[PDB]
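Before any comments, here is the structure.
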Amino acid sequence: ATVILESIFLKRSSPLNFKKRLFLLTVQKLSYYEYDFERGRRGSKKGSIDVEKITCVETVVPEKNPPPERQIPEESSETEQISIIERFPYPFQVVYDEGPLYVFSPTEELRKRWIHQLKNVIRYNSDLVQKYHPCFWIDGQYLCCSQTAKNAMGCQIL
Ligand SMILES: O=P(O)(O)O[C@H]1[C@H](OP(=O)(O)O)[C@@H](OP(=O)(O)O)[C@H](OP(=O)(O)O)[C@@H](OP(=O)(O)O)[C@H]1OP(=O)(O)O
Ligand SMILES: O=P(O)(O)O[C@H]1[C@H](OP(=O)(O)O)[C@@H](OP(=O)(O)O)[C@H](OP(=O)(O)O)[C@@H](OP(=O)(O)O)[C@H]1OP(=O)(O)O
Ligand SMILES: [Zn+2]
């Protein structure tokens with residue numbers, strides 16, 4: 001039940017919005033929670049995914065004109081301290097039965113760390129896919145294949 005990885009990520013998904021969440025990875029589950037900054041501790045649980053139910057973990061093609069909150073910097077005035085909890089420019093994908101979960105990492109190294117660990121723990125899942133969507137699902141379709149089913153088969157082999 002011990003946590004393998006712990007990070008603050010920007011989580012996405014009608015109405016599409018982005019919230020800061022504390023992500024936890026164990027061998028069994030990935031849970032995400034609210035972060036109580038005022039008291040500096042983990043807050044209320046918001047979601048949990050069975051690791052064995054995950055079918056795909058990959059990066060996502062970055063959006064074209066992203067808001068500052070997802071754009072790399074002024075980090076001379078702002079230390080890494082501020083930017084590492086305000087800027088989340090690197091997205092990756094976590095696909096399970098309900099569909100794709102989109103998560104934004106503050107650094108490339110941290111995304112690399114999480115994708116690597118995730119791949120390790122899902123290595124024996126029965127349903128790993130062979131095709132996936134490298135582009136985000138938005139307003140009823142994937143931007144990579146124009147397919148309008150959230151669980152439509154992937155259009156790219158990797
Ligand atoms: O408005 P937030 O504080 O961002 O919470 C949202 C909101 O959930 P709540 O109604 O519980 O506040 C979303 O719900 P809708 O706007 O779809 O009604 C919900 O999505 P789901 O109910 O569809 O699960 C989403 O959660 P998620 O992105 O896990 O789907 C969840 O955001 P958080 O789960 O990240 O707090
Ligand atoms: O939030 P945690 O401290 O990680 O507690 C988890 C969590 O339980 P709750 O979030 O409901 O308290 C798991 O529950 P879910 O994510 O399914 O809702 C549950 O996992 P199981 O589904 O396998 O019961 C698990 O129980 P366990 O570790 O006995 O497997 C339990 O951990 P605790 O027993 O430490 O509360
Ligand atoms: Zn596609």
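Ordering of the structure tokens sets the chain letters (A, B, ...), residue numbers begin anew at 1 in every chain, and ligands are numbered from 1 in the order given.
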Quick one: residues within 10 Å of ligand 2, with only C-alpha atoms and all ligand atoms, as a PDB file with N, CA and C atoms, in the first residue's frame?
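File written: result.pdb
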```
ATOM      1  N   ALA A   1       0.823  -1.204   0.000  1.00  0.00           N
ATOM      2  CA  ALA A   1       0.000   0.000   0.000  1.00  0.00           C
ATOM      3  C   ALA A   1       0.861   1.260   0.000  1.00  0.00           C
ATOM      4  N   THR A   2       2.178   1.075   0.022  1.00  0.00           N
ATOM      5  CA  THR A   2       3.114   2.196   0.055  1.00  0.00           C
ATOM      6  C   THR A   2       3.154   2.928  -1.285  1.00  0.00           C
ATOM      7  N   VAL A   3       3.186   4.252  -1.206  1.00  0.00           N
ATOM      8  CA  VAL A   3       3.236   5.123  -2.371  1.00  0.00           C
ATOM      9  C   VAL A   3       4.570   5.055  -3.117  1.00  0.00           C
ATOM     10  N   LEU A  24      -0.982  10.136  -6.394  1.00  0.00           N
ATOM     11  CA  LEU A  24      -0.281   9.058  -5.707  1.00  0.00           C
ATOM     12  C   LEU A  24      -0.286   7.785  -6.540  1.00  0.00           C
ATOM     13  N   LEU A  25       0.878   7.163  -6.673  1.00  0.00           N
ATOM     14  CA  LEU A  25       0.974   5.890  -7.375  1.00  0.00           C
ATOM     15  C   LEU A  25       1.455   4.778  -6.452  1.00  0.00           C
ATOM     16  N   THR A  26       0.636   3.742  -6.311  1.00  0.00           N
ATOM     17  CA  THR A  26       1.057   2.513  -5.651  1.00  0.00           C
ATOM     18  C   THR A  26       1.030   1.382  -6.673  1.00  0.00           C
ATOM     19  N   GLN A  28      -0.932  -0.954  -6.672  1.00  0.00           N
ATOM     20  CA  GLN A  28      -2.331  -1.319  -6.848  1.00  0.00           C
ATOM     21  C   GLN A  28      -3.185  -0.175  -7.391  1.00  0.00           C
ATOM     22  N   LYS A  29      -2.928   1.038  -6.929  1.00  0.00           N
ATOM     23  CA  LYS A  29      -3.732   2.163  -7.353  1.00  0.00           C
ATOM     24  C   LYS A  29      -3.024   3.487  -7.573  1.00  0.00           C
ATOM     25  N   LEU A  30      -3.695   4.351  -8.317  1.00  0.00           N
ATOM     26  CA  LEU A  30      -3.240   5.696  -8.570  1.00  0.00           C
ATOM     27  C   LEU A  30      -4.375   6.532  -7.990  1.00  0.00           C
ATOM     28  N   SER A  31      -4.166   7.256  -6.934  1.00  0.00           N
ATOM     29  CA  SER A  31      -5.245   8.053  -6.476  1.00  0.00           C
ATOM     30  C   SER A  31      -4.843   9.490  -6.611  1.00  0.00           C
ATOM     31  N   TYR A  32      -5.829  10.349  -6.688  1.00  0.00           N
ATOM     32  CA  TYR A  32      -5.554  11.747  -6.738  1.00  0.00           C
ATOM     33  C   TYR A  32      -6.450  12.392  -5.720  1.00  0.00           C
ATOM     34  N   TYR A  33      -5.919  13.423  -5.107  1.00  0.00           N
ATOM     35  CA  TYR A  33      -6.572  14.182  -4.064  1.00  0.00           C
ATOM     36  C   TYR A  33      -6.389  15.675  -4.141  1.00  0.00           C
ATOM     37  N   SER A  44      -8.792  15.825   0.665  1.00  0.00           N
ATOM     38  CA  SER A  44      -9.845  14.856   0.376  1.00  0.00           C
ATOM     39  C   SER A  44      -9.616  14.143  -0.952  1.00  0.00           C
ATOM     40  N   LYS A  45      -9.952  12.859  -0.981  1.00  0.00           N
ATOM     41  CA  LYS A  45      -9.781  12.027  -2.166  1.00  0.00           C
ATOM     42  C   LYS A  45     -10.783  12.400  -3.257  1.00  0.00           C
ATOM     43  N   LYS A  46     -10.314  12.449  -4.500  1.00  0.00           N
ATOM     44  CA  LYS A  46     -11.151  12.865  -5.621  1.00  0.00           C
ATOM     45  C   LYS A  46     -11.320  11.774  -6.674  1.00  0.00           C
ATOM     46  N   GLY A  47     -10.412  10.805  -6.684  1.00  0.00           N
ATOM     47  CA  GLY A  47     -10.491   9.722  -7.646  1.00  0.00           C
ATOM     48  C   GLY A  47      -9.456   8.638  -7.431  1.00  0.00           C
ATOM     49  N   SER A  48      -9.732   7.457  -7.971  1.00  0.00           N
ATOM     50  CA  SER A  48      -8.808   6.336  -7.878  1.00  0.00           C
ATOM     51  C   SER A  48      -9.003   5.379  -9.046  1.00  0.00           C
ATOM     52  N   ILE A  49      -7.893   4.918  -9.610  1.00  0.00           N
ATOM     53  CA  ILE A  49      -7.925   4.004 -10.743  1.00  0.00           C
ATOM     54  C   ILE A  49      -7.180   2.711 -10.446  1.00  0.00           C
ATOM     55  N   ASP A  50      -7.848   1.579 -10.648  1.00  0.00           N
ATOM     56  CA  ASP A  50      -7.178   0.289 -10.566  1.00  0.00           C
ATOM     57  C   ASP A  50      -6.077   0.228 -11.618  1.00  0.00           C
TER      58      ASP A  50
END
```
Please report, as CSV, each residue of chain A lying at most 9 Å from ligand 3, together with the nearest pair of atoms and the separation in Å rounded to one decimal; use only C-alpha atoms and all ligand atoms, and order rows by chain and ascending residue number.
```
residue,atom,partner,partner_atom_place_in_ligand_line,distance
A:131,CA,ligand 3,1 (Zn),8.9
A:132,CA,ligand 3,1 (Zn),6.6
A:133,CA,ligand 3,1 (Zn),4.0
A:134,CA,ligand 3,1 (Zn),6.5
A:135,CA,ligand 3,1 (Zn),6.3
A:136,CA,ligand 3,1 (Zn),8.2
A:137,CA,ligand 3,1 (Zn),8.4
A:141,CA,ligand 3,1 (Zn),8.5
A:142,CA,ligand 3,1 (Zn),5.3
A:143,CA,ligand 3,1 (Zn),6.6
A:144,CA,ligand 3,1 (Zn),4.2
A:145,CA,ligand 3,1 (Zn),4.0
A:146,CA,ligand 3,1 (Zn),6.7
A:147,CA,ligand 3,1 (Zn),6.7
A:152,CA,ligand 3,1 (Zn),8.2
A:153,CA,ligand 3,1 (Zn),7.8
A:154,CA,ligand 3,1 (Zn),5.4
A:155,CA,ligand 3,1 (Zn),4.6
A:156,CA,ligand 3,1 (Zn),6.8
```
Give one line per residue of chain A that approaches ligand 1 to at most 9 Å, naming the two atoms of the closest pair and their distance in Å to one decimal, counting only C-alpha atoms and all ligand atoms; sort by chain then ascending residue number and deliver it as a tab-separated table.
```
residue	atom	partner	partner_atom_place_in_ligand_line	distance
A:11	CA	ligand 1	35 (O)	6.5
A:12	CA	ligand 1	28 (O)	5.9
A:13	CA	ligand 1	28 (O)	3.8
A:14	CA	ligand 1	17 (O)	7.2
A:15	CA	ligand 1	16 (O)	6.2
A:16	CA	ligand 1	16 (O)	7.9
A:17	CA	ligand 1	4 (O)	6.8
A:18	CA	ligand 1	4 (O)	7.1
A:19	CA	ligand 1	35 (O)	6.0
A:20	CA	ligand 1	35 (O)	7.8
A:21	CA	ligand 1	35 (O)	6.9
A:32	CA	ligand 1	35 (O)	7.8
A:33	CA	ligand 1	36 (O)	7.6
A:34	CA	ligand 1	36 (O)	7.1
A:45	CA	ligand 1	36 (O)	8.3
A:46	CA	ligand 1	34 (O)	4.8
A:47	CA	ligand 1	29 (O)	5.9
A:48	CA	ligand 1	29 (O)	8.7
A:101	CA	ligand 1	28 (O)	8.0
A:102	CA	ligand 1	28 (O)	9.0
```
For the strand (DSSP E or B) assignment from backbone DSSP, which residues of range 16-107 of chain A qualify? Please present them as an MDAnalysis selection string.
chainID A and resid 18:25 29:36 41:50 54:59 90:96 99:105
For the selection just defined, write its residues with C-alpha atoms to a file, as an mmCIF file, in the first residue's frame.
```
data_model
loop_
_atom_site.group_PDB
_atom_site.id
_atom_site.type_symbol
_atom_site.label_atom_id
_atom_site.label_comp_id
_atom_site.auth_asym_id
_atom_site.auth_seq_id
_atom_site.Cartn_x
_atom_site.Cartn_y
_atom_site.Cartn_z
ATOM 1 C CA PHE A 18 -8.183 22.070 -15.211
ATOM 2 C CA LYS A 19 -7.540 21.497 -11.502
ATOM 3 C CA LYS A 20 -4.371 21.022 -9.452
ATOM 4 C CA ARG A 21 -4.300 17.572 -7.859
ATOM 5 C CA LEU A 22 -1.906 15.566 -5.701
ATOM 6 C CA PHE A 23 -1.244 12.273 -7.489
ATOM 7 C CA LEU A 24 -0.281 9.058 -5.707
ATOM 8 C CA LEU A 25 0.974 5.890 -7.375
ATOM 9 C CA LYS A 29 -3.732 2.163 -7.353
ATOM 10 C CA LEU A 30 -3.240 5.696 -8.570
ATOM 11 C CA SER A 31 -5.245 8.053 -6.476
ATOM 12 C CA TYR A 32 -5.554 11.747 -6.738
ATOM 13 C CA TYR A 33 -6.572 14.182 -4.064
ATOM 14 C CA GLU A 34 -7.091 17.827 -3.295
ATOM 15 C CA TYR A 35 -4.010 19.490 -1.844
ATOM 16 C CA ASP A 36 -4.498 21.518 1.327
ATOM 17 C CA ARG A 41 -0.823 18.000 3.811
ATOM 18 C CA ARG A 42 -2.902 15.754 1.549
ATOM 19 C CA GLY A 43 -6.610 16.579 1.374
ATOM 20 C CA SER A 44 -9.845 14.856 0.376
ATOM 21 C CA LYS A 45 -9.781 12.027 -2.166
ATOM 22 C CA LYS A 46 -11.151 12.865 -5.621
ATOM 23 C CA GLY A 47 -10.491 9.722 -7.646
ATOM 24 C CA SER A 48 -8.808 6.336 -7.878
ATOM 25 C CA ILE A 49 -7.925 4.004 -10.743
ATOM 26 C CA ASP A 50 -7.178 0.289 -10.566
ATOM 27 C CA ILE A 54 -5.152 0.703 -17.263
ATOM 28 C CA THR A 55 -4.780 -0.130 -20.957
ATOM 29 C CA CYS A 56 -2.363 2.565 -22.142
ATOM 30 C CA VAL A 57 0.074 5.183 -20.852
ATOM 31 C CA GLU A 58 1.641 7.598 -23.349
ATOM 32 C CA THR A 59 2.423 11.257 -23.988
ATOM 33 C CA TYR A 90 3.967 18.540 -20.382
ATOM 34 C CA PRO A 91 0.948 16.335 -20.952
ATOM 35 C CA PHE A 92 0.647 12.566 -20.862
ATOM 36 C CA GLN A 93 -2.192 10.077 -21.217
ATOM 37 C CA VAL A 94 -3.656 7.428 -18.927
ATOM 38 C CA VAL A 95 -6.244 5.270 -20.692
ATOM 39 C CA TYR A 96 -8.580 2.911 -18.833
ATOM 40 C CA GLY A 99 -11.509 6.390 -21.350
ATOM 41 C CA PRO A 100 -8.410 8.623 -21.374
ATOM 42 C CA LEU A 101 -7.287 10.649 -18.358
ATOM 43 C CA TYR A 102 -5.195 13.699 -19.225
ATOM 44 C CA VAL A 103 -2.514 14.865 -16.803
ATOM 45 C CA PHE A 104 -0.050 17.751 -17.114
ATOM 46 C CA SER A 105 3.444 17.584 -15.604
#
```
List as a list in words the protein and nucleic acid residues near residue 140 in chain A, meaning an atom at most 8 Å away when only C-alpha atoms are counted, but skip any in the same chain fewer than 5 places from it.
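Skipping anything fewer than 5 positions along the chain leaves residues 148, 149 and 150 of chain A.
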If I take CA of residue 124 in chain A and CA of residue 52 in chain A, how far is one from the other in Å, to one decimal?
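So the two atoms, CA of residue 124 in chain A and CA of residue 52 in chain A, lie 7.9 Å apart.
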Could you tell me, as a JSON list (two decimals) with C-alpha atoms, in the first residue's frame, which residues of chain A DSSP assigns to alpha helix (DSSP H) when given the backbone?
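What follows is the written file selection_34.json:
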```
[["chain", "number", "residue", "atom", "x", "y", "z"],
["A", 80, "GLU", "CA", 11.74, 27.05, -9.65],
["A", 81, "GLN", "CA", 9.71, 26.86, -6.45],
["A", 82, "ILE", "CA", 6.85, 28.90, -7.90],
["A", 83, "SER", "CA", 6.97, 27.60, -11.48],
["A", 108, "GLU", "CA", 9.71, 16.70, -18.72],
["A", 109, "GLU", "CA", 11.77, 14.66, -16.25],
["A", 110, "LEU", "CA", 8.82, 14.24, -13.90],
["A", 111, "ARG", "CA", 6.58, 13.13, -16.77],
["A", 112, "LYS", "CA", 9.29, 10.69, -17.84],
["A", 113, "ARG", "CA", 9.47, 9.39, -14.28],
["A", 114, "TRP", "CA", 5.71, 8.82, -14.03],
["A", 115, "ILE", "CA", 5.25, 7.28, -17.48],
["A", 116, "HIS", "CA", 8.16, 4.92, -16.80],
["A", 117, "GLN", "CA", 6.78, 3.78, -13.46],
["A", 118, "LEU", "CA", 3.27, 3.41, -14.80],
["A", 119, "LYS", "CA", 4.43, 1.26, -17.66],
["A", 120, "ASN", "CA", 6.24, -0.99, -15.22],
["A", 121, "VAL", "CA", 3.22, -1.72, -13.03]]
```
Please report the interatomic distance between CA of residue 129 in chain A and CA of residue 53 in chain A in Å with one decimal.
11.7 Å
Atom-to-atom span, CA of residue 128 in chain A and CA of residue 9 in chain A, Å:
24.2 Å
